[PDB]
Amino acid sequence: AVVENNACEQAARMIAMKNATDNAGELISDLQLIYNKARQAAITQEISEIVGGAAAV
Amino acid sequence: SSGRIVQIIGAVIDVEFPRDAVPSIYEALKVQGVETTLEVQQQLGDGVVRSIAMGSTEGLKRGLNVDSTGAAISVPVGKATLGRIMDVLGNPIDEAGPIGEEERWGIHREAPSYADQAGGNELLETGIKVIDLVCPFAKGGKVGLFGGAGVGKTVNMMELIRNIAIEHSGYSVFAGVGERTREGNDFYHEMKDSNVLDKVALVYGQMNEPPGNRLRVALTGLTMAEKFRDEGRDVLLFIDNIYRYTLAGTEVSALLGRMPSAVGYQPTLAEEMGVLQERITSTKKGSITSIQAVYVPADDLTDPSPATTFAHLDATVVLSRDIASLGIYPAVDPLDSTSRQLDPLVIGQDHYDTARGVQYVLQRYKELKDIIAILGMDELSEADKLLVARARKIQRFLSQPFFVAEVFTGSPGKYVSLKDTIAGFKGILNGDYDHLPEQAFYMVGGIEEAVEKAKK
Amino acid sequence: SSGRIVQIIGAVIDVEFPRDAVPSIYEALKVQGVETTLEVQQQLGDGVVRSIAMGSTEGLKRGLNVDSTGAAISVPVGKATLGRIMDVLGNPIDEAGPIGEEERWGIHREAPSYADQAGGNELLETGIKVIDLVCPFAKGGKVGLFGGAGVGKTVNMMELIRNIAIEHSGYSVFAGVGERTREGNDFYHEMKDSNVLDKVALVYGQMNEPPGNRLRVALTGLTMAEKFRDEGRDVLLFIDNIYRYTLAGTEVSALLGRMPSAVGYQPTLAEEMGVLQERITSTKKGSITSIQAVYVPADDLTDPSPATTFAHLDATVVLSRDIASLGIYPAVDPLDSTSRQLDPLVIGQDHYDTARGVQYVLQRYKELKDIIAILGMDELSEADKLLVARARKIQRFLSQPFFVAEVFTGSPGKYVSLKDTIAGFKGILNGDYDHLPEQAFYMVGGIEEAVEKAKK
Amino acid sequence: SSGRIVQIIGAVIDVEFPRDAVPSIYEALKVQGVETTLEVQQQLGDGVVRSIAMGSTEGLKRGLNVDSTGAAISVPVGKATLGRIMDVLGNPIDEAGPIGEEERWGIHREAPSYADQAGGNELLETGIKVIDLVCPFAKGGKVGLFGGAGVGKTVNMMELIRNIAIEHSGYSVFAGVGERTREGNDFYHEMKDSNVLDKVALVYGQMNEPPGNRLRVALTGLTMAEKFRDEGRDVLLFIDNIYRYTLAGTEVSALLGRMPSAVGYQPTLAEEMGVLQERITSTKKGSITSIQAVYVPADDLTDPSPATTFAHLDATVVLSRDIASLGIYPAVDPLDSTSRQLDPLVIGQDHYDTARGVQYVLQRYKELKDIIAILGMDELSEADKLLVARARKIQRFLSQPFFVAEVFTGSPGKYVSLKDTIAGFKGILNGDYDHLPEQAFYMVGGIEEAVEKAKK
Amino acid sequence: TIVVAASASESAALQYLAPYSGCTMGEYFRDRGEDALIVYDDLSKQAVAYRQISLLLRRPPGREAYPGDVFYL
Ligand SMILES: Nc1ncnc2c1ncn2[C@@H]1O[C@H](COP(=O)(O)OP(=O)(O)O)[C@@H](O)[C@H]1O
Ligand SMILES: Nc1ncnc2c1ncn2[C@@H]1O[C@H](COP(=O)(O)OP(=O)(O)O)[C@@H](O)[C@H]1O
Ligand SMILES: Nc1ncnc2c1ncn2[C@@H]1O[C@H](COP(=O)(O)OP(=O)(O)O)[C@@H](O)[C@H]1O
Ligand SMILES: [Mg+2]
Ligand SMILES: [Mg+2]
């Protein structure tokens, strides 16, 4: 009984570590979309400031 | 005297007058062949003034004659406005004939002085568990409902109109600033059929309207409310969306020759808000309890308009799209929402401790989110698992079916007293309800209903 | 008449003309005594026009005379352009003498009208199995080509150039938008060695040329393709990189002083893409089909350039470095590559079910391969091991010897029909070839050739 | 001749002179009546010069007569400047009366030629473990203390001044640029009470002074150091914050009619920095050893100002906010700090191997930190568990209590020789002190002390 | 305590000047050998008032539409 439960512990751990790897990817994928939005937003703001200052000077 | 239209660009018009007859700032002008009204914003020199049209500019041309009226936009005030619908210029728009006005007041005024201010700490029970718990309101104070598109601002306002008209016996003033025309029709007929209409003054300037209307409708509503406050009366001033007053100002700012500020906003953003917000206060003569909905652009609470509005309010209710995505209604964020009345000297220690305890529990649950996201709840410590369980029950017990939402869902509305609200959350925090399933707390009003919901 | 250069600031030149002789927008102007061409961009007024030099401005001075030509940049068209290399203006950059032209056409015109469109969707039979099954191209359609270097991009273009000319009596045009001079010389010799040079017209805008040249080369190549379509042909238009066409527009827009848009692109981004892409269509005379290489900035598919381009793409062909290592030289990824024509309401139920069957089997095999790797081959069921055997046979049957690749493969080329393609894959999915070794299904062409390679 | 003020806007002033008497670029002008100096920055045309005030403009009026001095700002130089406090104009800002100068130099000058540069690697000991290990300074070299707000730039510089200037046999120049007036007072009383004020020239331009003052204070201090270098002497030059020189140029750039560049900086950022930085050098006559503190806006090392500064320095010491937030000082980042003297051919293989050994251990631990947060410590391999212990100890052993920081630390200051610095880290890397608790290496000077702290 | 008020409805010039007026009232004690304490409840609101005046005077903007001399303020 003890030995068989140890084999069960190893298999259960295999599936848990697979789940954890997949879940991590989903978080990476979601964060990457937010990063692309932050990247694009930063560029537009700087251009407005450059154009705004040049429209005064 | 009479001036000539010299320039037209969208909603903004320049008019030239004789050097001895130049109109003052905010003076109202009328175009001779169409009777379109213009409001003077600034004097440019050489007898030329710049103005915003209080209507459509399509069909206007250069060289038309313009008449100066000698005064600012003046609107009817007093008892004659109750049960009537008016536009930005004070004209009736309900087909019920002329208004029986006794006097008219200009829409531009100075805020009440520091020595005419009044302190209101009398709690105003709303009947909503989350507001009565973490955002207690006060009579004569200001409330703001912050939220993105489609999250609960109009529904959470209509419920507070129903549950505050239970104890209030005075008059109300409603100002519709840049919102849906259908929602103004729905609200008018609801009050007319319910016989509530004879105690409410209605003003509208919806999304269909040009920029000048949307920019001044807020002042026209407030001016009628001030008349009632200064007669020594208790009034309720409701503003459908205060952000549209600021936005109408952004559409016109570049046409007024102003350099833009951060993210394209007008350089005058904080002054325009304060000049309108300061007048909405309870003086010593009377009180103006005010509720204003605040739209949040692209769900960004750091945007200049929402960011500048928080300092003008006594209670801040922050709605969230994430809470709404889980099914909870009202979707109030207990960690972002707050009130000046949440003080031991105002509400008592028991209520203040129940709220502090609910917030402490939710804050820790928010911090554990990432670990549970990758490894699940089973790796947490024994105490952490217990908190995560109470945090989840508290989350669903903050949900409540409203009487203005039974049409959407079909379930009946619930009114919960401040006493029942405290008892339910105090019990869940103490652990008296640790044997009920989480789903016994969702949309159950009082805690006894959760006990009876758990029987199924 | 003639005008005079009044201002020179980099590639931007202002020219002044008599009030009765001002040249039109997009008109081509010639500087006297120097081989420099100016394209007119804007009419500033008071006789002065703003133009962009189609060459270097070094050594120019104010006061030089300029001559109007009466029309836009006009390039040679027809049979004489085949097997030749030309610049943006249609000049022969190869040292092979003047082009034997019979006619010249202006590079600017409107897209074919609503009435000129063809009466349905007709597939273009490329003769390549993986493309004709999983990535069906429509005549008059636009195909996006994705992938890195050294994965078969050039060989795939040469095979398409040969097949449209020999099997469909068509022709090809190649537009080198921002072409690298080293790669432009290498491609010209590879096409001469592969005997495909006499079936294609080469238009190059090299990276070291001013922004105006790189922006107009796509219209020069498209003008040559339009001529063949009018002849009664189906034509292939290859664009070396569509991102460089977008960037050349951004550069020109900045030089002309226009206010930049989101992420710094030109305000005209969608219109400049639409003006090019709307000429590529299936008319009532012929059909221009286009293969365009696509670059994605910062690997972001939401960036304005990728976003705008994807709106005009009918198919997406992805070339995979992994597949190449396996040994399948076509290297098109059957799971990542897609087509809008993969619809049963367009290609019929039979073609659609066969293609989706292959993709279903190939998906399951990719999942099973991770199982075989982590846990072992014995852990699979009998049905799964049988599927793996069909998937491996399918994967190798997606390979094909091209007439331009005989130097690499050491075997003769093959042109498989759509009928033979559907019939071959349908049998392998049903198991009609389960007794044959997988190698018998490698580099063979049609399914009868796998059966014969097997007997041996 | 004489000029009249024509336009005052903030710190920028326009002065109009006869078209035959226009003062030169960088020429100093004096206002009549008012005690104010203006430096010509630009010649607009028509006898007008654009200048910046070296004082306040609250008393300036249009039409005030301005006098041309025929030269640039001339400050006193030589032995008379030692033991004195001076402003940007060289006036004494101490109550000790006038300075007995025997010569005045102009603050503007050419950088030493390519043939005048001199190369030396004499190692300079500082007494700080982190610096003596990873950032070995050299005599005549350029050092930069990079860091944000509140991480130790002033404190570290004061410790160096104490461990070097006090022992230094030659003279010294201390320039406070955009510094707090309280730090300048504490340092003056410190040099005076320590009897070292006799060999130190003090130039102060604090944050309460006009932009023009903060823009030229660095040229005044450097002009005094150049007089001493050119006499054949060895000099020390300490600059409190060289960022304030760049910022003063940003504050005034837009009023000077210059279009802004990236991150709202002057378009002359790299040239204005190169013109100053190329004069702070050790030629073939004498050697200037210099330490500059470099402010990093918002802790971002990629900001244009910090990013343009690295290329001008020999030794780059980086201070980290994340280390300071853990109670660790000095907060030098060993993986971001660098030095040209770090080369086995300049110092030795034993020192170099110890430095690279420490860096290797800390670089590997930067990745295990997140691994330990998710999961736990138990899941690591024994080599990783053993490495994590040494890394946490080395991080702590880098901390050294300084005498100048006793007011803040409460403990006595310590001085560690490079020999002890090498010995201790080598032992920890060998694992000899793996028997000591982690808390024993925090602020313990030499490793010996750590062995004693473990017993308390 | 001395309370200096420049509320949200008052001119941007009064909000921009209020910290300097309060500072001057505190300096009276400092210059006469006495000790004083001053609280500026929002310097970020003083910076927003200064940005408004500067943009209406048409002075060229900086890093977030803020005046070039917002540090010196
Ligand atoms: N059961 C519900 N309870 C509360 N709000 C709901 C419910 N179901 C949907 N909502 C949404 O709440 C929103 C309330 O108005 P909202 O959209 O936030 O105001 P606004 O029009 O000004 O943006 C409506 O869009 C409504 O559809
Ligand atoms: N169809 C093919 N058959 C055989 N070999 C090929 C084939 N396609 C590509 N290759 C091999 O891959 C190399 C690179 O292909 P190529 O078309 O030149 O890609 P790229 O232009 O990006 O360099 C070829 O030189 C050849 O060695
Ligand atoms: N080595 C140190 N020991 C103790 N406190 C320090 C040390 N370095 C910096 N500090 C703390 O930071 C301040 C001094 O650092 P300072 O040189 O002013 O930083 P920065 O110049 O980078 O703004 C004090 O408040 C002090 O407590
Ligand atoms: Mg709404
Ligand atoms: Mg400092």
# chains A, B, ... in the order shown; residues from 1 in each chain; ligands from 1
call {"tool": "interface_residues", "arguments": {"of": "chain A", "to": "chain D", "cutoff": "7 Å", "atoms": "only C-alpha atoms", "output": "ChimeraX atom specification"}}
result
/A:46,50,53-54,57
call {"tool": "write_last_selection", "arguments": {"atoms": "N, CA and C atoms", "output": "CSV table (one decimal), in the first residue's frame"}}
result
chain,number,residue,atom,x,y,z
A,46,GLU,N,4.6,60.8,-26.3
A,46,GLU,CA,5.9,61.5,-26.5
A,46,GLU,C,5.7,62.4,-27.8
A,50,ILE,N,6.3,66.4,-28.2
A,50,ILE,CA,7.2,67.0,-29.3
A,50,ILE,C,6.5,67.9,-30.2
A,53,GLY,N,5.3,71.2,-28.2
A,53,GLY,CA,6.5,72.1,-28.0
A,53,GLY,C,6.9,72.8,-29.3
A,54,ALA,N,7.0,72.1,-30.4
A,54,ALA,CA,7.3,72.6,-31.7
A,54,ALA,C,6.3,73.6,-32.2
A,57,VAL,N,7.4,77.1,-29.9
A,57,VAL,CA,8.7,77.6,-30.2
A,57,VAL,C,8.8,78.3,-31.5
call {"tool": "residues_near_ligand", "arguments": {"ligand": "ligand 4", "cutoff": "10 Å", "atoms": "only C-alpha atoms and all ligand atoms", "output": "count of residues only"}}
result
22
call {"tool": "closest_residue", "arguments": {"among": "B:423, B:383, B:331, B:377", "to": "ligand 1", "atoms": "only C-alpha atoms and all ligand atoms"}}
result
B:331
call {"tool": "residues_around", "arguments": {"residues": "residue 37 in chain A", "least_positions_apart": "2", "cutoff": "12 Å", "atoms": "only C-alpha atoms", "output": "list in words"}}
result
residues 30, 31, 32, 33, 34, 35, 39, 40, 41, 42, 43 and 44 of chain A; 262, 263, 300, 301, 302, 303 and 304 of chain C
call {"tool": "atom_distance", "arguments": {"atom1": "CA of residue 140 in chain D", "atom2": "CA of residue 219 in chain D"}}
result
19.1 Å
call {"tool": "residues_near_ligand", "arguments": {"ligand": "ligand 2", "cutoff": "10 Å", "atoms": "only C-alpha atoms and all ligand atoms", "output": "PyMOL selection string"}}
result
chain C and resi 147-159+183+186-187+190+319+324+327-331+399-410+413+443
call {"tool": "select_by_dssp", "arguments": {"residues": "range 214-432 of chain C", "states": "strand (DSSP E or B)", "output": "list in words"}}
result
residues 234, 235, 236, 237, 238, 239, 282, 283, 287, 288, 289, 290, 291, 292, 293, 315, 316, 317, 318, 319, 332, 338 and 339 of chain C
call {"tool": "atom_distance", "arguments": {"atom1": "CA of residue 314 in chain B", "atom2": "CA of residue 342 in chain B"}}
result
10.4 Å
call {"tool": "interface_residues", "arguments": {"of": "chain E", "to": "chain A", "cutoff": "8 Å", "atoms": "only C-alpha atoms", "output": "list in words"}}
result
residues 58, 59, 60, 61, 62, 63, 64 and 65 of chain E
call {"tool": "atom_distance", "arguments": {"atom1": "CA of residue 197 in chain D", "atom2": "atom 7 (C, counted along the ligand's line) of ligand 3"}}
result
24.3 Å
call {"tool": "residues_around", "arguments": {"residues": "residue 51 in chain E", "least_positions_apart": "6", "cutoff": "8 Å", "atoms": "only C-alpha atoms", "output": "mmCIF file with N, CA, C and O atoms, in the first residue's frame"}}
result
data_model
loop_
_atom_site.group_PDB
_atom_site.id
_atom_site.type_symbol
_atom_site.label_atom_id
_atom_site.label_comp_id
_atom_site.auth_asym_id
_atom_site.auth_seq_id
_atom_site.Cartn_x
_atom_site.Cartn_y
_atom_site.Cartn_z
ATOM 1 N N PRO B 267 -6.292 73.422 -21.003
ATOM 2 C CA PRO B 267 -5.387 73.850 -19.930
ATOM 3 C C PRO B 267 -6.130 74.265 -18.650
ATOM 4 O O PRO B 267 -5.577 74.212 -17.563
ATOM 5 N N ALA E 65 3.227 68.648 -20.522
ATOM 6 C CA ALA E 65 2.645 69.961 -20.770
ATOM 7 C C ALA E 65 2.995 70.997 -19.682
ATOM 8 O O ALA E 65 2.600 72.151 -19.774
ATOM 9 N N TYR E 66 3.765 70.620 -18.660
ATOM 10 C CA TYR E 66 4.215 71.476 -17.563
ATOM 11 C C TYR E 66 5.262 72.482 -18.052
ATOM 12 O O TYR E 66 6.020 72.154 -18.957
ATOM 13 N N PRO E 67 5.301 73.708 -17.508
ATOM 14 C CA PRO E 67 6.290 74.713 -17.887
ATOM 15 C C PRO E 67 7.724 74.211 -17.734
ATOM 16 O O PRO E 67 8.000 73.335 -16.915
#
call {"tool": "interface_residues", "arguments": {"of": "chain B", "to": "chain D", "cutoff": "12 Å", "atoms": "only C-alpha atoms", "output": "ChimeraX atom specification"}}
result
/B:368,370-376,379-380
